[PDB]
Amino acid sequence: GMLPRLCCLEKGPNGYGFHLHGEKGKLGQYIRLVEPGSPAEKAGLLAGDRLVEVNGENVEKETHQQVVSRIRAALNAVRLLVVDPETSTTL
């Protein structure tokens, strides 16, 4: 598998500045809509990143609601371990 990557976010006045988006039916929580100039952007989060851990807890087998709770639980910073999306395909 692709080497996961650690992103360490510092909570700003309007939160982190990203959407957490699920699939409906099949598991997996993905980052979307990383807002320009946000803490998420500055921490290196990318749209299409698959979220593997929140503060060192694997969240691959957690519901959307549980993952949101884990991110919101953190007082002023959150560590997110992600797997970045593929950028090269041969056709």
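In this text, residue numbers run from 1 along the sequence as written. Between two forms, the rigid core is the largest collection of C-alphas that superpose within 1.5 Å.
*Asks:* Between 42 to 50 and 26 to 34, report the one with more C-alpha displacement in 8 other deposited structures of this protein relative to this form after a rigid core superposition.
*Replies:* The stretch that sits farther from the shown form in 8 other deposited structures of this protein is 26 to 34.
*Asks:* So which moves more in 8 other deposited structures of this protein by CA, 17 to 25 or 76 to 84, given a superposition on the core?
*Replies:* Farther from the shown form on average in 8 other deposited structures of this protein: 17 to 25.
*Asks:* Which is higher on average in the deposited entry, the C-alpha temperature factors of 68 to 76 or of 13 to 21?
*Replies:* According to the PDB entry, the answer is 68 to 76.
*Asks:* Mean CA B-factor: is it higher for 26 to 34 or for 44 to 52?
*Replies:* Averaged over C-alpha atoms, the B-factors run higher in 26 to 34.
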